[PDB]
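Next comes just one chain, in structure tokens: the form deposited in one PDB entry.
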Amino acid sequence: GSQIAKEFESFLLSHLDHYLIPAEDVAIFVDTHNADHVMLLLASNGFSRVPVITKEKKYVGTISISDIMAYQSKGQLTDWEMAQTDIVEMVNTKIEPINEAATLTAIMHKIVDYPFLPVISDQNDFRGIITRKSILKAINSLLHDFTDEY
């Protein structure tokens, strides 16, 4: 009864960096890379959607193969033309990044609509991502601790 409630206080008031997949371990795209090779790398990494950053590691947005395809068809561009265009042009900006100072309660409410959230500093530096898998793993470790009592 007692130890159960405090484990939740220590969970709810815990830091965001406990659940973060650091920027080094996040497959990203530099906004100046060509679109044809991005379509190629996305087929090799296997991720449906990845973050887009600048050379200074500043957050721009996210990209998927769908985004690249929508741009090519909307602009009627050829395959060769795409290999001469950078990602900036077709970058998705719909996902609003979360600050690294964000509460875990604030994470819980946002991660219900997003498979992942990109994490930024106050100066728009890319810090990594919060995935639903990371949060789900944290919930499972917590439940693992309450099955110890009864």
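Think of the rigid core as the biggest set of C-alphas that the two forms share within 1.5 Å after superposition. Numbering starts at 1 and follows the sequence shown.
The form deposited in another entry exists for this protein as well; it is not shown, and the discussion that follows is about that form.
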item: Flag for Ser141, CA shift 2 Å or larger between this form and the one not shown after aligning core; value: no
item: CA of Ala23, rigid core aligned, shift of 2 Å or more between this form and the one not shown; value: no
item: Sense of the change in Cα distance from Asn140 to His15 in the other form - at least 3 Å versus the shown form; value: closer
item: Closer or farther: C-alpha pair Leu16/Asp122 in the other form, relative to this form, given a change of 3 Å or more; value: farther
